[PDB]
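This is final-v8.cif (mmCIF, C-alpha atoms).
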data_upload
loop_
_atom_site.label_atom_id
_atom_site.label_comp_id
_atom_site.auth_asym_id
_atom_site.auth_seq_id
_atom_site.Cartn_x
_atom_site.Cartn_y
_atom_site.Cartn_z
CA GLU I 1 -46.58 26.08 -2.05
CA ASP I 2 -48.27 23.99 0.59
CA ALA I 3 -47.52 24.23 4.30
CA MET I 4 -45.42 21.03 4.40
CA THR I 5 -43.15 22.33 1.60
CA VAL I 6 -42.66 25.65 3.35
CA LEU I 7 -42.39 24.52 7.08
CA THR I 8 -41.64 20.80 7.55
CA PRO I 9 -37.85 20.28 8.17
CA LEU I 10 -36.02 18.04 5.71
CA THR I 11 -35.24 14.70 7.44
CA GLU I 12 -32.55 12.11 6.46
CA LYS I 13 -35.16 10.22 4.45
CA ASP I 14 -36.16 13.44 2.67
CA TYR I 15 -32.44 14.00 1.79
CA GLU I 16 -32.25 10.56 0.09
CA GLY I 17 -35.17 11.67 -2.10
CA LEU I 18 -33.49 15.08 -2.90
CA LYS I 19 -30.38 13.17 -4.00
CA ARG I 20 -32.52 11.09 -6.39
CA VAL I 21 -34.27 14.14 -7.90
CA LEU I 22 -30.91 15.87 -8.46
CA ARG I 23 -29.34 12.78 -10.14
CA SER I 24 -32.43 12.60 -12.44
CA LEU I 25 -31.84 16.19 -13.59
CA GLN I 26 -28.05 15.62 -14.03
CA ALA I 27 -28.79 12.55 -16.28
CA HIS I 28 -31.31 14.31 -18.60
CA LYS I 29 -30.16 14.72 -22.18
CA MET I 30 -30.87 18.49 -22.19
CA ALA I 31 -29.01 19.23 -18.88
CA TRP I 32 -25.52 19.83 -20.36
CA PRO I 33 -25.57 23.71 -20.22
CA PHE I 34 -26.53 23.60 -16.45
CA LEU I 35 -24.21 20.93 -14.99
CA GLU I 36 -21.45 23.34 -13.93
CA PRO I 37 -21.12 27.17 -13.51
CA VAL I 38 -21.34 29.15 -16.73
CA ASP I 39 -17.83 29.64 -18.28
CA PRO I 40 -17.18 33.38 -19.13
CA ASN I 41 -15.85 32.55 -22.62
CA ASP I 42 -19.19 31.06 -23.59
CA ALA I 43 -20.26 34.52 -22.16
CA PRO I 44 -17.95 37.44 -21.11
CA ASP I 45 -21.00 39.60 -20.19
CA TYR I 46 -22.90 36.77 -18.26
CA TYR I 47 -21.70 37.66 -14.69
CA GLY I 48 -22.34 41.40 -15.21
CA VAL I 49 -26.03 40.73 -15.95
CA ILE I 50 -26.89 37.67 -13.73
CA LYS I 51 -26.20 38.72 -10.21
CA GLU I 52 -27.24 35.31 -8.50
CA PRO I 53 -25.89 32.48 -10.76
CA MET I 54 -26.81 28.86 -10.00
CA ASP I 55 -25.91 25.41 -11.43
CA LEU I 56 -26.45 21.73 -10.67
CA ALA I 57 -22.90 21.15 -9.25
CA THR I 58 -23.34 23.96 -6.71
CA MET I 59 -26.72 22.36 -5.75
CA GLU I 60 -24.96 18.96 -5.36
CA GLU I 61 -22.38 20.44 -2.99
CA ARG I 62 -25.20 22.08 -0.96
CA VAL I 63 -27.17 18.79 -0.79
CA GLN I 64 -24.06 16.88 0.40
CA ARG I 65 -23.35 19.48 3.05
CA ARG I 66 -27.00 19.53 4.26
CA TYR I 67 -27.34 23.26 3.40
CA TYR I 68 -31.15 23.07 2.86
CA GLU I 69 -33.51 23.10 5.91
CA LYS I 70 -36.88 23.28 4.07
CA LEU I 71 -38.00 21.95 0.63
CA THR I 72 -38.94 25.51 -0.46
CA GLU I 73 -35.23 26.49 -0.29
CA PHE I 74 -34.16 23.57 -2.60
CA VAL I 75 -36.98 24.48 -5.06
CA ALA I 76 -35.86 28.13 -5.04
CA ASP I 77 -32.23 27.23 -6.09
CA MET I 78 -33.49 24.95 -8.88
CA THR I 79 -35.88 27.59 -10.16
CA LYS I 80 -33.03 30.16 -10.27
CA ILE I 81 -31.20 27.92 -12.83
CA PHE I 82 -34.20 28.08 -15.21
CA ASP I 83 -35.11 31.76 -14.53
CA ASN I 84 -31.50 32.92 -15.11
CA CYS I 85 -31.50 31.05 -18.43
CA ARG I 86 -34.81 32.49 -19.73
CA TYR I 87 -33.72 36.08 -18.71
CA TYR I 88 -30.28 35.91 -20.31
CA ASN I 89 -31.11 34.14 -23.60
CA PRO I 90 -33.64 34.86 -26.39
CA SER I 91 -36.75 32.89 -26.54
CA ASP I 92 -35.66 31.13 -29.86
CA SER I 93 -32.33 29.94 -28.61
CA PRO I 94 -31.43 26.29 -27.88
CA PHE I 95 -30.40 27.31 -24.29
CA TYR I 96 -33.97 28.65 -23.68
CA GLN I 97 -35.45 25.43 -25.12
CA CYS I 98 -33.35 23.31 -22.69
CA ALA I 99 -34.69 25.35 -19.75
CA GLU I 100 -38.35 24.79 -20.88
CA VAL I 101 -37.97 21.01 -21.07
CA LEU I 102 -35.86 20.62 -17.91
CA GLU I 103 -38.20 22.71 -15.76
CA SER I 104 -41.25 20.62 -16.83
CA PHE I 105 -39.28 17.41 -15.98
CA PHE I 106 -38.25 18.89 -12.59
CA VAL I 107 -41.94 19.62 -11.79
CA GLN I 108 -42.87 15.95 -12.60
CA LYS I 109 -40.09 14.68 -10.29
CA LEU I 110 -40.88 17.23 -7.52
CA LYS I 111 -44.53 16.19 -7.44
CA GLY I 112 -43.42 12.55 -7.03
CA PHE I 113 -41.08 13.56 -4.15
CA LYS I 114 -43.83 15.60 -2.36
CA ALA I 115 -46.27 12.63 -2.56
CA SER I 116 -43.67 10.27 -1.09
CA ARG I 117 -43.03 12.48 2.00
CA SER I 118 -46.80 12.86 2.88
CA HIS I 119 -47.65 9.20 2.43
#

Structure encoded using structure tokens:
Amino acid sequence: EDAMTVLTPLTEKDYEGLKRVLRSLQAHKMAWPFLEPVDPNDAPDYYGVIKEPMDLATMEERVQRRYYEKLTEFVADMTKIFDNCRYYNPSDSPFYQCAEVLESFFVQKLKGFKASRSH
């Protein structure tokens, strides 16, 4: 990561752009498994093997409450969604496939956000 991502505090303007990126992810056709916390009936072993769960609704609450101070911290929560999914599920499963596509889409949107802060 560049120095601005790591060290520049998130301003009010920055937070309007975080809100946009998050709504883009929530609207993507492959986002369904990640909108809310994993339900233990879809997986009774999930919370014994993933010790730091994350989901888009928890990120939304943190954005609304101004939890994040630096962009790196926001990026780290989003990446945990995709890393948890690729660790838990086999590489041929549809859950794994959703993580591949959504992460690539997140990177496209993140690069747009970074450009907009610096110019």

Please enumerate the residues selected by the PyMOL selection byres ((chain I and resi 70) around 10) when evaluated against the supplied file, formatted as a PDB file with C-alpha atoms, in the frame of the given file.
ATOM      1  CA  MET I   4     -45.420  21.030   4.400  1.00  0.00           C
ATOM      2  CA  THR I   5     -43.150  22.330   1.600  1.00  0.00           C
ATOM      3  CA  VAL I   6     -42.660  25.650   3.350  1.00  0.00           C
ATOM      4  CA  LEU I   7     -42.390  24.520   7.080  1.00  0.00           C
ATOM      5  CA  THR I   8     -41.640  20.800   7.550  1.00  0.00           C
ATOM      6  CA  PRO I   9     -37.850  20.280   8.170  1.00  0.00           C
ATOM      7  CA  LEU I  10     -36.020  18.040   5.710  1.00  0.00           C
ATOM      8  CA  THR I  11     -35.240  14.700   7.440  1.00  0.00           C
ATOM      9  CA  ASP I  14     -36.160  13.440   2.670  1.00  0.00           C
ATOM     10  CA  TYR I  67     -27.340  23.260   3.400  1.00  0.00           C
ATOM     11  CA  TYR I  68     -31.150  23.070   2.860  1.00  0.00           C
ATOM     12  CA  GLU I  69     -33.510  23.100   5.910  1.00  0.00           C
ATOM     13  CA  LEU I  71     -38.000  21.950   0.630  1.00  0.00           C
ATOM     14  CA  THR I  72     -38.940  25.510  -0.460  1.00  0.00           C
ATOM     15  CA  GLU I  73     -35.230  26.490  -0.290  1.00  0.00           C
ATOM     16  CA  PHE I  74     -34.160  23.570  -2.600  1.00  0.00           C
ATOM     17  CA  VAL I  75     -36.980  24.480  -5.060  1.00  0.00           C
TER      18      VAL I  75
END

Q.
Please list as a PyMOL selection string every residue within 8 Å of stretch 50-60 of chain I, counting all atoms listed in the file and excluding residues in the same chain fewer than 2 positions away.
A. chain I and resi 22+26+34-38+46-48+62-64+77-78+80-81+84+88

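The space between atom CA of residue I:3 and atom CA of residue I:112 spans 16.8 Å.
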
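Relative to atom CA of residue I:24, atom CA of residue I:99 is found at 14.9 Å.
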
Q. Got a sec to check which residues sit within 12 Å of (-42.9, 10.4, 1.0), counting only C-alpha atoms, and write them as a ChimeraX atom specification?
A. /I:4-5,10-18,110-119

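We find atom CA of residue I:92 and atom CA of residue I:109 to be spaced 25.9 Å apart.
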
Please determine the residues with any atom at most 12 Å from (-39.4, 22.0, -17.3) (coordinates as given in the file, with only C-alpha atoms counting) and report them as an mmCIF file with C-alpha atoms, keeping the file's coordinate frame.
data_model
loop_
_atom_site.group_PDB
_atom_site.id
_atom_site.type_symbol
_atom_site.label_atom_id
_atom_site.label_comp_id
_atom_site.auth_asym_id
_atom_site.auth_seq_id
_atom_site.Cartn_x
_atom_site.Cartn_y
_atom_site.Cartn_z
ATOM 1 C CA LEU I 25 -31.840 16.190 -13.590
ATOM 2 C CA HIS I 28 -31.310 14.310 -18.600
ATOM 3 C CA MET I 30 -30.870 18.490 -22.190
ATOM 4 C CA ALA I 31 -29.010 19.230 -18.880
ATOM 5 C CA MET I 78 -33.490 24.950 -8.880
ATOM 6 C CA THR I 79 -35.880 27.590 -10.160
ATOM 7 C CA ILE I 81 -31.200 27.920 -12.830
ATOM 8 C CA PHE I 82 -34.200 28.080 -15.210
ATOM 9 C CA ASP I 83 -35.110 31.760 -14.530
ATOM 10 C CA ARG I 86 -34.810 32.490 -19.730
ATOM 11 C CA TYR I 96 -33.970 28.650 -23.680
ATOM 12 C CA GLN I 97 -35.450 25.430 -25.120
ATOM 13 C CA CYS I 98 -33.350 23.310 -22.690
ATOM 14 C CA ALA I 99 -34.690 25.350 -19.750
ATOM 15 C CA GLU I 100 -38.350 24.790 -20.880
ATOM 16 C CA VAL I 101 -37.970 21.010 -21.070
ATOM 17 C CA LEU I 102 -35.860 20.620 -17.910
ATOM 18 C CA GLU I 103 -38.200 22.710 -15.760
ATOM 19 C CA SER I 104 -41.250 20.620 -16.830
ATOM 20 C CA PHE I 105 -39.280 17.410 -15.980
ATOM 21 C CA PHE I 106 -38.250 18.890 -12.590
ATOM 22 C CA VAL I 107 -41.940 19.620 -11.790
ATOM 23 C CA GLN I 108 -42.870 15.950 -12.600
ATOM 24 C CA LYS I 109 -40.090 14.680 -10.290
ATOM 25 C CA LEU I 110 -40.880 17.230 -7.520
#
